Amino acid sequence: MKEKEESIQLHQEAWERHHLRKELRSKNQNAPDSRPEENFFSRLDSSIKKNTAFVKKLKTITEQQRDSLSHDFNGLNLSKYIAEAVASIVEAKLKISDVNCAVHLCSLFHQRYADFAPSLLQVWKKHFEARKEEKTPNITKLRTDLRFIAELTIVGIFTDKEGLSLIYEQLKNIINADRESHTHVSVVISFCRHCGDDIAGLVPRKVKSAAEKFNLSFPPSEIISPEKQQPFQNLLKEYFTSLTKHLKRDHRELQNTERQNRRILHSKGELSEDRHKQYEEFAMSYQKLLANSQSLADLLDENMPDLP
């Protein structure tokens, strides 16, 4: 059966995700007591050429460079180039599939250099400053960014205070940004999909359903405490509420414009004018808003409102 194989996959990914996070968080939180010393740094090379080259490569971090960038990293003394390396990392445009590599590299930095985490945090904050008054949203980057700062917290590079606080901040903006126009929906879904388990305490309907139906035991939430998760869950439901309002409105005004085309069908006979390419745009984005609403109701384990 197809349904069982998908559930086994979900279940397998869940555990891979969980085991990795647990392993990385342990190393990162334990980093301070065993960073290397002066003498060790002496034997790595501080050349400006190589360290600068490396900082540049960090602008295009890619999964298939995991080993190559790691190899270079281990030979360089990056003591003086933290701020620059942090800047490359924050600006770099990562695909969904590249974020784990970036986090891996961030962990090698963090585990070697005390200056890394404070710089990374500080530069992320500035970066969300620059965004707030620059106009034309760049949602593609904010999507990944949110996931990225999420992992960096889960993985213990940022402390709960620093990282949770930073994520809460950026989520608030999305909630406030998206009350009529729900333009960041895919950003909230991605965040939920990837990090909602540990940051928001999410347990989606699919996971619940798979667990009961196939007697699969899914990973426990053990990273962020339920108290710290609650605020995040509240925001998501409140967003979801807002999104369901916007779904109802657009249902009415789709069918108040279908049941208006019935008057303009009878009276003065049809004419598939520009209205026959305006309905093809109202019902395009509705279909996508319905898809995203279903997608997020599941992640949050909420029912969909009923659509006559």
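One rule holds for the numbers: they count along the sequence shown, beginning at 1.
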Query raised in the report: Taking the recorded C-alpha temperature factors, which stretch has the higher mean, 183-191 or 150-158?
Result: 183-191
Requested in this report: Between 168-176 and 132-140, name whichever shows the higher mean Cα B factor according to the PDB entry.
Outcome: 132-140
Report summary line: From the entry's CA B-factor values, the highest among 68, 30, 278, 51 is 278
Query raised in the report: Among the modelled residues of its chain, does the C-alpha B-factor of residue 296 lie in the lowest, middle or highest third?
Result: middle
Query raised in the report: Based on the entry's values, in what third of the chain does the Cα temperature factor of residue 12 lie: lowest, middle or highest?
Result: lowest
